[PDB]
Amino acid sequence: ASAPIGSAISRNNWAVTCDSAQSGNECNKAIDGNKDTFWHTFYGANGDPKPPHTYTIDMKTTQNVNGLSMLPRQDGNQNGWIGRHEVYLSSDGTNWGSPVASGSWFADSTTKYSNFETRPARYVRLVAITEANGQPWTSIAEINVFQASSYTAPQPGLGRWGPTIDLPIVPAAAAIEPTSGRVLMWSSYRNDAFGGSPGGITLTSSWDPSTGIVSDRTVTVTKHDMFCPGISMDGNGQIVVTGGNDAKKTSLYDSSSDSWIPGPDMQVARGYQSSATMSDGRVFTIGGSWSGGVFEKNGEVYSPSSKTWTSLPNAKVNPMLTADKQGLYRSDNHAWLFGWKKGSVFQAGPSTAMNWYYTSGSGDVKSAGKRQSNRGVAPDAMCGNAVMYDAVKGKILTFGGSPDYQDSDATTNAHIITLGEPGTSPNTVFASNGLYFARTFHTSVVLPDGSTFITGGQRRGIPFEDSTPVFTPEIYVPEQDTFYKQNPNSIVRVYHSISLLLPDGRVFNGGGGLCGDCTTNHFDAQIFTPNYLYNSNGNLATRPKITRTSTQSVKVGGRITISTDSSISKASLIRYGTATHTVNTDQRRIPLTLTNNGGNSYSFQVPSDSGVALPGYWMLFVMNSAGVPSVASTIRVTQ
């Protein structure tokens, strides 16, 4: 199931209008409080007008609207199930602006929701752009509009949430498809559940920021239910998805061809493991006792060139285990892994003990000391986040999490870890005064300016329960060693939520739940627009444009020359991200040293060390004097 975020508005005095309505299936049948009566567009009768079809509601007075629900006909007939759709709000009834929510609802008879940030409005319009099975009709048994207890305008300067993207699945895992700019998402064998899976199948969905279209695809060719997986983008530009519901499987997603390809089985069956792309484009993984058995699961490594996994039994998981009260089942999960120099992988947590993993020979592991600071030794931080916001300087920001996977209080702990050479114990200090809000199951992304956006989570980890939620995201600004609260959102994003950086410089945050009949499934995402995209007016700022790039594929140590439509102050490369269960081992940021050629022509060198400039796809962002980023230019980095 799912749920509205607001309270149902009384429909007593509502006036409604439809684009068409069969007799017996009048427009007002959608607001009569009877689940057995529904509005239905023209059929047979006045023919079969194809969608879009439109439901417009005049609520007579201004409401602080924060959602709608749509109950499909309940008579066993699928005709008119709304697929693609948009929700508009209005204060006058003629000026509708842009949708507050849009996307696609799953093809079934369950109540569908559009949950979105509160906005005062008197009119609400639902546009059914397509029918879920591609037929001409739209039908609705009951439509409801929901309200918040109050409205508060977003504070100027603190970003903006919206719109909502409605989805057919709970996006518990996600990745950007770097060649197409689409967001790829997946759940499990079902749109809303993983339990009872027979394995072998994954429901996926994608959203295209350029068209606003949400599509779906069932993946069976890889014989892999990809819930609870490792995820890495390898050096050959493919997303390596490992284990989970099918604990020994590897599936490969190729962005260029938009296809899934079977990969080799891993040597050890795993679930909830982290994997990390390495300096040579290979992928390392370790731990993962959520599935495939509970025992010591030491490292192994994937080669995109030979298409094999090779066990690294001496890359021992033991030193990275947390002291989780549930034992090994949890304690080897979700390692904070980062590919680093010379095939090494740094493990920054969640265990108090940090470690170097080495991938030569049959592998090795070396203590990198305890995550700590003058405030003391950091405790285990399961489902804390870790983000490498300046790979050139080896800077990792870690934050949040709890000593145990669940039933454990999260903390505000945050550290800056500074990597040097593999095998040296990195310096660690506390980050500012820590998070504003203690959170676990939160998610995070590094933004083009090197700040880290941190969102969602709850104060006490209770999977599938929307309790103690944190609605106010925070951004860490490294140059200031300061966290800043941003404008809060209205949708709980706890266990099984994701965030990713979009090519346009906005953040895509979604998911949460995946518990079947629970009411805590969130079939959606929202966009967060950082303040760097807004002018002091409150309007979207003019963005510098990259009018020319010398090349779209570059070797590490290689030069790129660009032209812009205006003077550039700073530039960064942000490696494309992948996300699930708080883990994102693919994102990282390289601040770029620009040479000004004059005439708004600039050049820069990609770092020569592929442990820093991990091979794969990266976004190039340029920022003007005002600090406004361009949209990303996609660059492939190779060795």
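Just count from 1 along the sequence shown to find any residue number.
On average the C-alpha atoms of 129-137 have higher B-factors than those of the other stretch, with 129-137 and 523-531 being the two compared. A summary of the deposited B-factors shows that, of 415-423 and 120-128, the stretch with the larger mean C-alpha value is 120-128.
Based on the entry's C-alpha B-factors, the most elevated value among 289, 351, 467, 306 belongs to 306. Highest C-alpha temperature factor among 175, 541, 447, 438, as the PDB entry reports it: 541. Looking at the C-alpha B-factors along this chain, the one for residue 92 belongs to the highest third. Per the deposited record, the Cα B-factor of residue 321 falls in the lowest third when ranked against the other modelled residues of its chain. Residue 398: CA B factor lies in the lowest third for its chain, per the PDB record. Looking at the C-alpha B-factors along this chain, the one for residue 217 belongs to the highest third. In this PDB entry, the Cα temperature factor of residue 554 sits in the top third of its chain's modelled residues, the highest group.
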